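Step one of this worksheet: look at the structure below.
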Protein chains: 4
Amino acid sequence: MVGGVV
Amino acid sequence: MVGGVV
Amino acid sequence: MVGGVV
Amino acid sequence: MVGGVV
């Protein structure tokens with residue numbers, strides 16, 4: 001599982 | 001910016 | 001969040 | 001497991 005926010 | 005890996 | 005019950 | 005990046 002991988003999440004990213006910019 | 002925020003990232004997470006499990 | 002990244003995760004939970006795994 | 002219970003958790004991760006929270």
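Following the order of the structure tokens, chains are lettered A, B, ..., residues in each are numbered from 1, and ligands are numbered from 1.
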Exercise answer, chain B residues close to chain D, 9 Å and only C-alpha atoms, as an NGL selection string: :B and (3-6)
File dump, residues just selected, N, CA, C and O atoms, as a compact mmCIF listing (two decimals), in the first residue's frame:
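File produced: out38.txt:
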# COMPACT_ATOMS: atom_id res chain seq x y z
N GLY B 3 3.85 11.29 2.25
CA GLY B 3 3.86 9.97 1.64
C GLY B 3 3.93 8.89 2.71
O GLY B 3 4.57 9.08 3.79
N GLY B 4 3.28 7.76 2.40
CA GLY B 4 3.29 6.57 3.27
C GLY B 4 3.39 5.27 2.47
O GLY B 4 2.80 5.16 1.42
N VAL B 5 4.18 4.31 2.97
CA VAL B 5 4.28 2.96 2.38
C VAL B 5 4.14 1.87 3.45
O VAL B 5 4.82 1.94 4.47
N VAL B 6 3.28 0.87 3.21
CA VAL B 6 3.15 -0.28 4.10
C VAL B 6 3.28 -1.56 3.25
O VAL B 6 2.55 -1.82 2.29
Taking the DSSP assignment computed from this structure's backbone, write out as a short mmCIF file (atom, residue, chain, number, x, y, z; two decimals) with N, CA and C atoms, in the first residue's frame all residues of chain A that belong to strand (DSSP E).
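So the final result, stored in out29.cif, reads:
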data_model
loop_
_atom_site.label_atom_id
_atom_site.label_comp_id
_atom_site.auth_asym_id
_atom_site.auth_seq_id
_atom_site.Cartn_x
_atom_site.Cartn_y
_atom_site.Cartn_z
N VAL A 2 0.51 2.18 -0.82
CA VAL A 2 1.26 3.41 -0.93
C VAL A 2 0.29 4.54 -1.19
N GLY A 3 0.49 5.62 -0.45
CA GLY A 3 -0.30 6.83 -0.64
C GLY A 3 0.63 8.05 -0.68
N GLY A 4 0.21 9.04 -1.48
CA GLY A 4 0.91 10.33 -1.60
C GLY A 4 -0.05 11.51 -1.70
N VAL A 5 0.27 12.62 -1.03
CA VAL A 5 -0.48 13.88 -1.15
C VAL A 5 0.44 15.07 -1.39
#
